[PDB]
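Colleague: Here's a structure for you.
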Amino acid sequence: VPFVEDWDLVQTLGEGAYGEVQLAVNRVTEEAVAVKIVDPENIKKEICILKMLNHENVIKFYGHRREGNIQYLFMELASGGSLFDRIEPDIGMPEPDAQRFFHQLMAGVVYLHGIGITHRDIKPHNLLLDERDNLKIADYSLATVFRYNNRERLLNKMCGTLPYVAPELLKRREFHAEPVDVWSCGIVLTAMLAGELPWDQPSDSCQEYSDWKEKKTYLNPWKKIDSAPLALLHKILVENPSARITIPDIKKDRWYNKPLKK
Ligand SMILES: Cc1c(Nc2ncc3cccc(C4CC4)c3n2)cnn1C1CCOCC1
């Protein structure tokens, strides 16, 4: 069919130091996708991880064209935008909606950890929503391999977003990849349930993190979170990453399994 190769760029979806993301619409079919446009070794690594992804809760990669030294990355479009924009400041969202998002988050993180990929920047800006509000883990530009040939490799690179980062990345030289992504999913949950972030970073100098370590859940944001999800957060936001709840045990948590949503 002539012209099915052609896509019109119709809306800006995001701009950063990386380049931009454009909503693209096929000239013939009207299929809508997201095109990440960049102006070397890093994009090479990113494309390689992007090709490994095939799950309903992770953004799908359709392939890439280079024109000149400009790379175009075609991927699944999520027409409902980011989870960030469903969170009402100081309120959060309804507990059933939050639980449903957290289920989908866990499904995508399980998936990634299964294929030996860590995301390293899980936050509501990187969690996108399709036309039916299904959650898609986006942005693989910090993702890396933590398991290959069934052997684990420890991480040392400091990266992510401070209010989301686990405390071991601030205190230890090396750390396991999986407890880091689990912690950031906890902060996601807190945000959905409270419409606020609990601390600037999880350090001994941050009074809001000390308050948590001392159990002062009569303070915000914790006082806004019902006892059942707050139990779960007590098991996720544990400072020692070796004692921190794993995903298989999150799937056994009372709140996680509570029926809430129609
Ligand atoms: C359709 C839509 C999306 N999708 C959307 N879909 C897929 C994406 C894949 C990679 C990167 C991004 C963007 C950086 C976030 C993506 N983004 C994002 N934002 N949006 C609207 C923009 C205007 O405001 C309403 C929401």
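Residue names in the structure tokens use chain letters A, B, ... in the order shown, residue numbers from 1 in each chain, and ligand numbers from 1 in the order shown.
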Could you pull out the residues sitting within 10 Å of ligand 1, using only C-alpha atoms and all ligand atoms, and write them as JSON, numbers by chain?
Modeller: {"A": [11, 12, 13, 14, 15, 16, 20, 21, 22, 23, 32, 33, 34, 35, 36, 59, 60, 61, 73, 74, 75, 76, 77, 78, 79, 80, 81, 82, 83, 85, 125, 126, 127, 128, 129, 130, 131, 136, 137, 138, 139, 140]}
Colleague: Can you tell me, as a VMD selection string, what residues are no more than 10 Å from region 181-186 of chain A when counting only C-alpha atoms, ignoring any on the same chain fewer than 3 positions away?
Modeller: chain A and resid 102 105 to 106 109 to 110 113 118 to 124 160 to 167 176 to 178 189 to 192 232 to 239 241 244 to 247 250
Colleague: If you keep C-alpha atoms, can you produce a file of those selected residues as a short mmCIF file (atom, residue, chain, number, x, y, z; two decimals), in the first residue's frame?
Modeller:
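See result11.cif below for the written result:
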data_model
loop_
_atom_site.label_atom_id
_atom_site.label_comp_id
_atom_site.auth_asym_id
_atom_site.auth_seq_id
_atom_site.Cartn_x
_atom_site.Cartn_y
_atom_site.Cartn_z
CA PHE A 102 -0.67 -0.84 42.29
CA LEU A 105 2.51 -1.70 38.68
CA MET A 106 3.45 -4.89 40.44
CA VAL A 109 7.71 -4.78 37.80
CA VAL A 110 7.43 -8.57 38.17
CA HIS A 113 12.55 -8.33 37.21
CA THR A 118 15.72 -3.03 36.64
CA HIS A 119 13.87 0.26 35.81
CA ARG A 120 15.70 2.48 38.44
CA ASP A 121 13.31 5.46 38.10
CA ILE A 122 9.78 4.30 39.03
CA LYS A 123 7.64 7.39 39.67
CA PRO A 124 4.17 8.69 38.66
CA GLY A 160 16.74 7.86 40.08
CA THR A 161 14.75 10.71 41.77
CA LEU A 162 15.54 11.53 45.39
CA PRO A 163 12.06 11.40 47.00
CA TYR A 164 11.66 7.98 45.28
CA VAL A 165 15.11 6.51 45.91
CA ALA A 166 15.74 3.80 48.39
CA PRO A 167 18.04 4.60 51.33
CA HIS A 176 20.65 -5.28 45.08
CA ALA A 177 18.52 -4.00 42.19
CA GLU A 178 15.12 -5.47 43.17
CA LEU A 189 1.58 4.09 46.57
CA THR A 190 1.96 6.69 49.30
CA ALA A 191 1.55 9.38 46.68
CA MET A 192 -1.65 7.80 45.28
CA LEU A 232 1.69 -2.78 53.55
CA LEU A 233 3.71 0.47 53.52
CA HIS A 234 5.34 -0.55 56.82
CA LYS A 235 6.64 -3.65 55.12
CA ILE A 236 7.81 -1.89 51.85
CA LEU A 237 9.50 1.19 53.38
CA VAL A 238 11.90 -0.69 55.55
CA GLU A 239 15.42 0.76 55.66
CA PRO A 241 16.85 -3.77 51.94
CA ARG A 244 12.31 -5.34 53.07
CA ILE A 245 9.25 -7.15 51.71
CA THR A 246 9.68 -8.85 48.40
CA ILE A 247 7.18 -8.97 45.59
CA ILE A 250 3.49 -8.26 48.68
#
Colleague: Name the residues of region 31-239 of chain A that come out as helix (DSSP H, G or I) in a backbone DSSP run; write them as a PyMOL selection string.
Modeller: chain A and resi 41-51+83-86+95-114+124-126+162-164+168-171+177-194+207-213+222-224+227-236
Colleague: Got time to write the residues from that selection, C-alpha atoms, as a PDB file, in the first residue's frame?
Modeller:
ATOM      1  CA  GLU A  41      26.186   4.266  23.346  1.00  0.00           C
ATOM      2  CA  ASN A  42      23.305   5.160  25.697  1.00  0.00           C
ATOM      3  CA  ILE A  43      20.584   5.142  23.064  1.00  0.00           C
ATOM      4  CA  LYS A  44      22.129   1.854  21.824  1.00  0.00           C
ATOM      5  CA  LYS A  45      21.688   0.329  25.334  1.00  0.00           C
ATOM      6  CA  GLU A  46      18.154   1.761  25.600  1.00  0.00           C
ATOM      7  CA  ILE A  47      17.063   0.291  22.222  1.00  0.00           C
ATOM      8  CA  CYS A  48      18.470  -3.046  23.259  1.00  0.00           C
ATOM      9  CA  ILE A  49      16.383  -3.145  26.522  1.00  0.00           C
ATOM     10  CA  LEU A  50      13.310  -1.795  24.550  1.00  0.00           C
ATOM     11  CA  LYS A  51      13.421  -4.799  22.199  1.00  0.00           C
ATOM     12  CA  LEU A  83      -0.468   8.689  36.536  1.00  0.00           C
ATOM     13  CA  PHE A  84       1.007  11.944  37.930  1.00  0.00           C
ATOM     14  CA  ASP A  85      -2.019  13.778  36.571  1.00  0.00           C
ATOM     15  CA  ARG A  86      -4.494  11.475  38.308  1.00  0.00           C
ATOM     16  CA  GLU A  95      -8.337   3.696  47.404  1.00  0.00           C
ATOM     17  CA  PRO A  96      -9.833   1.244  44.925  1.00  0.00           C
ATOM     18  CA  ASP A  97      -8.296   3.112  41.929  1.00  0.00           C
ATOM     19  CA  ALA A  98      -4.984   3.242  43.759  1.00  0.00           C
ATOM     20  CA  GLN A  99      -5.078  -0.479  44.523  1.00  0.00           C
ATOM     21  CA  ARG A 100      -5.862  -1.329  40.879  1.00  0.00           C
ATOM     22  CA  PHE A 101      -2.868   0.858  39.697  1.00  0.00           C
ATOM     23  CA  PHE A 102      -0.665  -0.836  42.289  1.00  0.00           C
ATOM     24  CA  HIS A 103      -1.668  -4.276  41.044  1.00  0.00           C
ATOM     25  CA  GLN A 104      -0.736  -3.269  37.470  1.00  0.00           C
ATOM     26  CA  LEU A 105       2.511  -1.702  38.681  1.00  0.00           C
ATOM     27  CA  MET A 106       3.454  -4.887  40.440  1.00  0.00           C
ATOM     28  CA  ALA A 107       2.591  -6.926  37.369  1.00  0.00           C
ATOM     29  CA  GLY A 108       4.913  -4.807  35.224  1.00  0.00           C
ATOM     30  CA  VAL A 109       7.713  -4.781  37.803  1.00  0.00           C
ATOM     31  CA  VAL A 110       7.429  -8.570  38.174  1.00  0.00           C
ATOM     32  CA  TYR A 111       7.711  -8.831  34.506  1.00  0.00           C
ATOM     33  CA  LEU A 112      10.870  -6.617  34.270  1.00  0.00           C
ATOM     34  CA  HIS A 113      12.548  -8.333  37.206  1.00  0.00           C
ATOM     35  CA  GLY A 114      11.764 -11.657  35.563  1.00  0.00           C
ATOM     36  CA  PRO A 124       4.174   8.692  38.665  1.00  0.00           C
ATOM     37  CA  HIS A 125       5.665  10.595  35.680  1.00  0.00           C
ATOM     38  CA  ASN A 126       6.978   7.291  34.226  1.00  0.00           C
ATOM     39  CA  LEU A 162      15.538  11.526  45.388  1.00  0.00           C
ATOM     40  CA  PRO A 163      12.059  11.405  47.001  1.00  0.00           C
ATOM     41  CA  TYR A 164      11.657   7.978  45.279  1.00  0.00           C
ATOM     42  CA  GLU A 168      20.720   2.022  50.551  1.00  0.00           C
ATOM     43  CA  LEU A 169      21.663   3.969  47.394  1.00  0.00           C
ATOM     44  CA  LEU A 170      22.487   6.940  49.713  1.00  0.00           C
ATOM     45  CA  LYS A 171      24.377   4.828  52.306  1.00  0.00           C
ATOM     46  CA  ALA A 177      18.525  -4.002  42.189  1.00  0.00           C
ATOM     47  CA  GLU A 178      15.116  -5.469  43.168  1.00  0.00           C
ATOM     48  CA  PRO A 179      14.626  -3.911  46.668  1.00  0.00           C
ATOM     49  CA  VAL A 180      15.248  -0.477  45.011  1.00  0.00           C
ATOM     50  CA  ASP A 181      12.404  -0.796  42.586  1.00  0.00           C
ATOM     51  CA  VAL A 182      10.118  -2.154  45.311  1.00  0.00           C
ATOM     52  CA  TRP A 183      10.854   0.871  47.579  1.00  0.00           C
ATOM     53  CA  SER A 184      10.062   3.312  44.765  1.00  0.00           C
ATOM     54  CA  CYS A 185       6.688   1.443  44.195  1.00  0.00           C
ATOM     55  CA  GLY A 186       5.963   2.103  47.881  1.00  0.00           C
ATOM     56  CA  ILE A 187       6.545   5.826  47.431  1.00  0.00           C
ATOM     57  CA  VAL A 188       4.213   5.645  44.367  1.00  0.00           C
ATOM     58  CA  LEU A 189       1.585   4.092  46.573  1.00  0.00           C
ATOM     59  CA  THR A 190       1.962   6.689  49.299  1.00  0.00           C
ATOM     60  CA  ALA A 191       1.546   9.381  46.681  1.00  0.00           C
ATOM     61  CA  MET A 192      -1.652   7.804  45.277  1.00  0.00           C
ATOM     62  CA  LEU A 193      -3.081   7.376  48.732  1.00  0.00           C
ATOM     63  CA  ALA A 194      -2.055  10.786  50.258  1.00  0.00           C
ATOM     64  CA  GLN A 207      13.376  14.750  59.926  1.00  0.00           C
ATOM     65  CA  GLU A 208      10.384  13.322  57.940  1.00  0.00           C
ATOM     66  CA  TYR A 209      12.236  10.014  57.362  1.00  0.00           C
ATOM     67  CA  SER A 210      13.228   9.818  61.119  1.00  0.00           C
ATOM     68  CA  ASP A 211       9.572  10.376  62.102  1.00  0.00           C
ATOM     69  CA  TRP A 212       8.727   7.340  59.939  1.00  0.00           C
ATOM     70  CA  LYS A 213      11.477   5.185  61.452  1.00  0.00           C
ATOM     71  CA  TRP A 222       0.447   8.525  57.030  1.00  0.00           C
ATOM     72  CA  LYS A 223      -2.589   9.713  58.991  1.00  0.00           C
ATOM     73  CA  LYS A 224      -4.497   9.965  55.650  1.00  0.00           C
ATOM     74  CA  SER A 227      -4.637   0.979  58.370  1.00  0.00           C
ATOM     75  CA  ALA A 228      -4.677  -1.816  55.775  1.00  0.00           C
ATOM     76  CA  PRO A 229      -2.632  -0.066  53.055  1.00  0.00           C
ATOM     77  CA  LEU A 230      -0.480   1.520  55.778  1.00  0.00           C
ATOM     78  CA  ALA A 231       0.474  -2.046  57.011  1.00  0.00           C
ATOM     79  CA  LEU A 232       1.690  -2.784  53.553  1.00  0.00           C
ATOM     80  CA  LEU A 233       3.715   0.469  53.515  1.00  0.00           C
ATOM     81  CA  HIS A 234       5.344  -0.549  56.825  1.00  0.00           C
ATOM     82  CA  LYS A 235       6.639  -3.651  55.122  1.00  0.00           C
ATOM     83  CA  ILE A 236       7.809  -1.886  51.853  1.00  0.00           C
TER      84      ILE A 236
END
Colleague: Please measure the separation of CA of residue 9 (chain A) and CA of residue 26 (chain A), giving the value in Å to one decimal.
Modeller: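 Separating CA of residue 9 (chain A) from CA of residue 26 (chain A) is a distance of 9.1 Å.
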Colleague: Could you name the residues that touch residue 174 (chain A) at 10 Å or less, counting only C-alpha atoms, but leaving out those on the same chain fewer than 6 positions away, as a list in words?
Modeller: residues 153, 154, 155, 156, 157, 158 and 168 of chain A
Colleague: Between CA of residue 31 (chain A) and CA of residue 57 (chain A), what is the distance in Å, rounded to a tenth?
Modeller: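 Rounded to one decimal, the two atoms are 19.9 Å apart.
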Colleague: Just list as a VMD selection string whatever in region 4-237 of chain A DSSP marks as strand (DSSP E).
Modeller: chain A and resid 7 to 16 19 to 26 32 to 38 61 to 67 70 to 75 117 to 118 127 to 129 135 to 137 144 to 145 147 to 148 151 to 152
Colleague: One decimal, in Å: what's the spacing between CA of residue 248 (chain A) and CA of residue 204 (chain A)?
Modeller: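 The value is 29.1 Å.
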